[PDB]
Structures are given as C-alpha cells and as structure tokens.
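Chemist: First the structure, which I've put down as structure tokens, then a few questions once you've had a look.
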Number of protein chains: 2
Amino acid sequence: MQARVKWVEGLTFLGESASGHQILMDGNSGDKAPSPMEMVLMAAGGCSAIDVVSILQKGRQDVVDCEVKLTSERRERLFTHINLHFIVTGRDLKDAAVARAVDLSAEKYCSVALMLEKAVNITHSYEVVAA
Amino acid sequence: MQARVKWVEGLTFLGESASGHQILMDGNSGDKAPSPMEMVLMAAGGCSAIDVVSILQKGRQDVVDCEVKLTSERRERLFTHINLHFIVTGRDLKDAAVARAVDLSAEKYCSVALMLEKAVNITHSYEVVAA
C-alpha cells in the first residue's frame with residue numbers, strides 16, 4: 001500500500017512504488033517524462049499485454065512476440081475512449097486462442113482495464129503474425 | 001494518441017508515450033520495475049499533486065513542497081480504495097486555500113482521479129507543514 005509521490009521541481013514529480021522502484025511524471029504535457037495520463041494509458045496496455053501473453057503460454061501456444069498499439073480520445077480532459085490493438089506473433093497460434101486471450105484479458109483479467117471501463121469506453125482488437 | 005507497449009522478455013514490457021518517452025512495466029509483482037497497477041496508483045498521485053501545486057501557485061500561495069502518501073486496498077485484484085494524503089509545505093499558506101486546492105484537484109481537475117472514481121473508492125486528506 002506504501003506508494004508515494006514527491007514534487008521535484010517545475011511540474012516534475014517523482015513516484016515511488018511499493019515494489020521499491022521510482023519513476024518520473026511531468027505535468028508539462030509530458031515534456032521531460034510521461035504525463036500521469038500517459039502513465040494510465042501505458043499501464044492499461046501493459047496489464048493487458050501481460051495477461052494476453054500469460055493465457056497463451058498456459059495454453060501451450062508458442063507466442064513469440066506481443067505488441068499493443070494504443071489509441072485514445074479525450075475531452076477538449078478525461079479519456080472518452082481507449083482502443084487496445086494487440087499484435088501477437090507466433091508459430092502455430094490459432095485464431096480462437098488469440099481471441100480468447102485478448103477477450104479474457106480485456107474484460108475479465110486486466111484490473112487496469114476493468115477499473116477504467118466504468119468511466120471510459122474501452123475497445124480491443126488483434127492481429128496475428130507468423131514468426 | 002500514439003502510445004504503444006512492447007513485450008521485452010519474461011513479463012517485462014516496454015511502454016512508449018506519445019510525448020516521446022519510454023518506461024518499463026514488470027508483471028512479476030513489480031519485481032524489476034513497477035507493475036501496471038502501481039503505474040496507476042502513482043499516476044493518480046502525480047496528477048493530483050500537479051493540480052494541487054498549480055492552484056496554490058495561481059493563488060499566489062508560497063508552496064515550497066508537496067508530497068503524497070498513497071494507500072490502497074485491493075481484492076484478494078481491483079483497487080477497492082485509494083487514499084490520497086497530501087503533505088503541503090509552505091510559508092503563509094492558509095487552511096482554506098489548501099483545502100480548496102486538494103478539493104478541486106481530487107474531485108474536479110485530476111483526470112486520473114475522476115476516471116478511477118467511477119470504479120474505485122477514492123478519498124483524500126491533507127496536512128500543512130511550515131517551511
């Protein structure tokens with residue numbers, strides 16, 4: 001539970017996780033480091049990609065790479081919509097398995113996704129590339 | 001809108017912001033870098049602290065330091081509750097001004113806070129230290 005953030009200077013803040021790591025947020029439109037809102041977008045991408053690769057490895061599917069293209073829109077400033085586009089690379093991965101993994105990840109397993117869903121329109125999509 | 005995440009190895013993912021910066025997320029309980037859920041907690045702290053220090057500087061208040069103690073609980077895994085505790089340091093800052101700033105920040109200006117609120121119980125609190 002012990003996370004903290006500290007004002008460094010300007011609008012730069014230091015962020016310390018309870019897993020013992022530190023990061024930097026920059027409130028000048030992410031000038032020198034990501035803005036908090038960028039943190040959120042990336043965390044959604046990351047949490048999702050984690051679960052997607054996990055499901056495939058458990059299902060013995062030979063997943064070799066995973067990339068997430070994130071797009072979003074926001075009020076002129078809350079996010080109105082985030083799209084997670086998965087690019088899954090592997091050997092014999094079947095469509096049904098990738099759909100399952102992207103599905104369960106985005107709507108059942110990804111905490112970040114599920115928290116945002118109650119306030120943001122979150123959509124997903126995927127493609128499969130041979131290695 | 002152009003953020004992305006890339007699988008590096010293990011459960012380590014690279015995250016790239018459209019402001020042109022990169023970070024690392026680690027899905028092994030934030031082993032080597034923060035977990036996505038830690039990203040979210042810190043972004044809420046950061047977005048909040050940003051707005052808090054901004055309001056005070058606009059109101060000509062001599063804010064010298066700002067720290068946020070974050071605590072949270074989560075299902076045994078969504079966050080059920082996040083508490084933002086602000087520690088504002090300054091010279092002649094008045095209580096009414098700090099309350100205002102923490103208030104507007106947490107319930108009107110902080111996008112990250114406001115997105116989470118629809119799914120998580122978010123509470124705030126503050127204290128004021130002389131410099």
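Scheme for the structure tokens: letters A, B, ... for chains in order shown; per-chain residue numbers from 1; ligand numbers from 1 in order shown.
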Write down as an MDAnalysis selection string the residues belonging to range 16-126 of chain B that are assigned alpha helix (DSSP H) by DSSP computed on the backbone.

Modeler: chainID B and resid 36:58 95:104 111:116

Chemist: Residues of chain B within 7 Å of chain A: nearest atom pair and distance (Å, one decimal) for each, counting only C-alpha atoms, sorted by chain and number, as CSV?

Modeler:
residue,atom,partner,partner_atom,distance
B:1,CA,A:71,CA,4.7
B:2,CA,A:71,CA,5.8
B:3,CA,A:70,CA,5.1
B:4,CA,A:69,CA,4.8
B:5,CA,A:68,CA,5.0
B:6,CA,A:67,CA,4.6
B:7,CA,A:66,CA,5.3
B:11,CA,A:50,CA,6.3
B:13,CA,A:46,CA,6.4
B:15,CA,A:42,CA,5.8
B:17,CA,A:38,CA,6.1
B:19,CA,A:30,CA,5.6
B:21,CA,A:33,CA,5.9
B:25,CA,A:46,CA,6.7
B:27,CA,A:50,CA,6.5
B:30,CA,A:19,CA,5.6
B:31,CA,A:19,CA,6.7
B:33,CA,A:21,CA,5.9
B:34,CA,A:21,CA,6.1
B:36,CA,A:43,CA,4.5
B:37,CA,A:112,CA,6.5
B:38,CA,A:17,CA,6.1
B:39,CA,A:43,CA,6.0
B:40,CA,A:40,CA,5.6
B:42,CA,A:15,CA,5.8
B:43,CA,A:36,CA,4.5
B:45,CA,A:5,CA,6.0
B:46,CA,A:36,CA,6.1
B:47,CA,A:36,CA,5.5
B:50,CA,A:11,CA,6.3
B:65,CA,A:7,CA,6.4
B:66,CA,A:7,CA,5.3
B:67,CA,A:6,CA,4.6
B:68,CA,A:5,CA,5.0
B:69,CA,A:4,CA,4.8
B:70,CA,A:3,CA,5.1
B:71,CA,A:1,CA,4.7
B:72,CA,A:1,CA,5.2
B:73,CA,A:1,CA,7.0
B:77,CA,A:111,CA,6.3
B:78,CA,A:111,CA,5.3
B:111,CA,A:78,CA,5.3
B:112,CA,A:37,CA,6.5
B:115,CA,A:119,CA,5.4
B:116,CA,A:116,CA,6.3
B:118,CA,A:118,CA,5.6
B:119,CA,A:115,CA,5.4

Chemist: Write out as a PDB file with N, CA and C atoms, in the first residue's frame each polymer residue whose atoms come within 10 Å of residue 97 in chain B, counting only C-alpha atoms; drop sequence neighbours fewer than 3 positions from it.

Modeler:
ATOM      1  N   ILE B  55      -2.919  25.145  -8.378  1.00  0.00           N
ATOM      2  CA  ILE B  55      -3.893  26.004  -7.717  1.00  0.00           C
ATOM      3  C   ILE B  55      -3.256  26.947  -6.706  1.00  0.00           C
ATOM      4  N   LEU B  56      -2.411  26.405  -5.843  1.00  0.00           N
ATOM      5  CA  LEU B  56      -1.681  27.246  -4.897  1.00  0.00           C
ATOM      6  C   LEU B  56      -0.749  28.291  -5.546  1.00  0.00           C
ATOM      7  N   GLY B  59      -2.937  31.029  -6.904  1.00  0.00           N
ATOM      8  CA  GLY B  59      -3.486  31.824  -5.826  1.00  0.00           C
ATOM      9  C   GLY B  59      -2.396  32.565  -5.079  1.00  0.00           C
ATOM     10  N   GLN B  61       0.013  31.569  -3.406  1.00  0.00           N
ATOM     11  CA  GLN B  61       0.422  30.955  -2.139  1.00  0.00           C
ATOM     12  C   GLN B  61       1.829  30.383  -2.246  1.00  0.00           C
ATOM     13  N   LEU B  93       0.690  29.670   3.881  1.00  0.00           N
ATOM     14  CA  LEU B  93      -0.450  29.051   3.222  1.00  0.00           C
ATOM     15  C   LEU B  93      -1.546  28.960   4.252  1.00  0.00           C
ATOM     16  N   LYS B  94      -2.767  29.314   3.854  1.00  0.00           N
ATOM     17  CA  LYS B  94      -3.922  29.190   4.734  1.00  0.00           C
ATOM     18  C   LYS B  94      -4.654  27.894   4.535  1.00  0.00           C
ATOM     19  N   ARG B 100      -9.333  23.939  -0.434  1.00  0.00           N
ATOM     20  CA  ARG B 100      -9.766  24.240  -1.790  1.00  0.00           C
ATOM     21  C   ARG B 100      -8.909  23.481  -2.811  1.00  0.00           C
ATOM     22  N   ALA B 101      -7.596  23.692  -2.788  1.00  0.00           N
ATOM     23  CA  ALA B 101      -6.728  23.067  -3.771  1.00  0.00           C
ATOM     24  C   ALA B 101      -6.800  21.539  -3.783  1.00  0.00           C
ATOM     25  N   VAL B 102      -6.857  20.923  -2.607  1.00  0.00           N
ATOM     26  CA  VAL B 102      -6.931  19.471  -2.527  1.00  0.00           C
ATOM     27  C   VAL B 102      -8.315  19.045  -3.016  1.00  0.00           C
ATOM     28  N   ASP B 103      -9.317  19.818  -2.651  1.00  0.00           N
ATOM     29  CA  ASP B 103     -10.667  19.513  -3.103  1.00  0.00           C
ATOM     30  C   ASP B 103     -10.881  19.507  -4.613  1.00  0.00           C
TER      31      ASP B 103
END

Chemist: Just list as JSON, numbers by chain whatever in chain A DSSP marks as strand (DSSP E or B).

Modeler: {"A": [3, 4, 5, 6, 7, 8, 9, 12, 13, 14, 15, 16, 22, 23, 24, 25, 26, 63, 64, 65, 66, 67, 68, 69, 70, 71, 72, 73, 74, 79, 80, 81, 82, 83, 84, 85, 86, 87, 88, 89, 90, 121, 122, 123, 124, 125, 126, 127, 128, 129, 130]}

Chemist: Using only C-alpha atoms, which residue out of B:76, B:52, B:123, B:91 lies closest to residue 104 in chain B?

Modeler: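 Among the listed residues, the smallest separation from residue 104 in chain B belongs to B:52.
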
Chemist: What's the separation between CA of residue 63 in chain A and CA of residue 88 in chain A, in Å to one decimal place?

Modeler: 7.1 Å

Chemist: Figure out the distance between CA of residue 107 in chain A and CA of residue 75 in chain A, please, to one decimal in Å.

Modeler: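 Result for CA of residue 75 in chain A versus CA of residue 107 in chain A: 24.1 Å, one decimal.
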